[PDB]
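One chain comes next, on its own, written as structure tokens: the form deposited in one PDB entry.
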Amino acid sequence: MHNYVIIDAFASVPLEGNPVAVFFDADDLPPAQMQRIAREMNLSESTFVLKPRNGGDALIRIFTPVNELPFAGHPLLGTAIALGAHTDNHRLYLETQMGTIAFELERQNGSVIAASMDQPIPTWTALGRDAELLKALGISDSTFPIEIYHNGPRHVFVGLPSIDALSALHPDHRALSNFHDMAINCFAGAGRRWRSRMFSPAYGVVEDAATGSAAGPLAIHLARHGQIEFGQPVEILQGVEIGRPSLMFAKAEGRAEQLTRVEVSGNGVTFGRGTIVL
């Protein structure tokens, strides 16, 4: 009674990137049923495609196995790529609890292979728990200031002096569990090319493959702290250490005090397709 696809977001090859399940024609499902379906699937998120209510192309509801989210990065990227198979539009306007998100779809011979999204503009401040966090991560200091960004989820950024040092992290996940309602993103790199690892007991993931909602904030962080300029894109490679390499591209336009746009893009690929009996 409902068709779905499994999209690996921020990947061009199946079994890379970050999976999301996308359910079509979901207007007949009450939200309690959507939540039960997301629990059944047990993917980080399942999304449901609904008729639009405010002039967009579709309304997307986003569920983890436990609760509904107002916005999420890789789930929305994967939803846009899944829906691109059922429309010819170059642009896709997806309504969410946080407003209407604009996507640009990139096709080859009718197949959507990538998409770019405008993200909510983040806010940020110092975390103020540096010694506790560094101890949990097993290191003595960060390179750049340890700041926490909010764009729906909360993302903390800790900088490492080299990619080898980032790969060598073995965090104490018990100690990280004292950091509620946030994800810890550790990064290293230079110029256009950065590496990331994300850990979040609060969001139910030991180590994440592709934290799409962290890519925009990271571009802002790098620009604020002088490693890139506002208006310059970065390529962020995540999930290497867990065998789910994921490429996220991000750019923040404006200046710190007046951000005009935060763009995140990536490839996506279909892993599977099916139908559920409900």
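Numbers follow the displayed sequence, beginning with 1. C-alpha atoms forming the largest set that superposes within 1.5 Å between two forms make up the rigid core.
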{"query": "Stretch with the greater mean C-alpha B-factor as recorded in the entry, comparing 86-94 against 71-79", "finding": "86-94"}
{"query": "190-198 versus 162-170 - which carries the larger mean C-alpha B factor in the record", "finding": "162-170"}
{"query": "Highest recorded Cα temperature factor - choice among 242, 236, 223, 58", "finding": "242"}
{"query": "Criterion, highest CA B-factor; candidates, 49, 29, 219, 248", "finding": "29"}
{"query": "Third assignment of residue 116 from its chain's C-alpha B-factors", "finding": "middle"}
{"query": "Residue 14 - which third its CA temperature factor falls in, relative to the rest of the chain", "finding": "highest"}
{"query": "Chain-wide C-alpha B factor ranking for residue 37, given as lowest, middle or highest third", "finding": "lowest"}
{"query": "Entry-reported Cα temperature factor of residue 180, expressed as the chain third it lands in", "finding": "highest"}
{"query": "Residue 270 by Cα B-factor - lowest, middle or highest third of the modelled chain", "finding": "middle"}
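The discussion below concerns the form deposited in another entry, not included here.
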property: Shift of residue 232 between the shown form and the other one at or above 2 Å (CA, core fit); result: no
property: Core superposition between the shown form and the other one, C-alpha change of residue 245 at least 2 Å; result: no
property: Rigid-core frame, C-alpha of residue 218, shift of 2 angstroms or more between the shown form and the other one; result: no
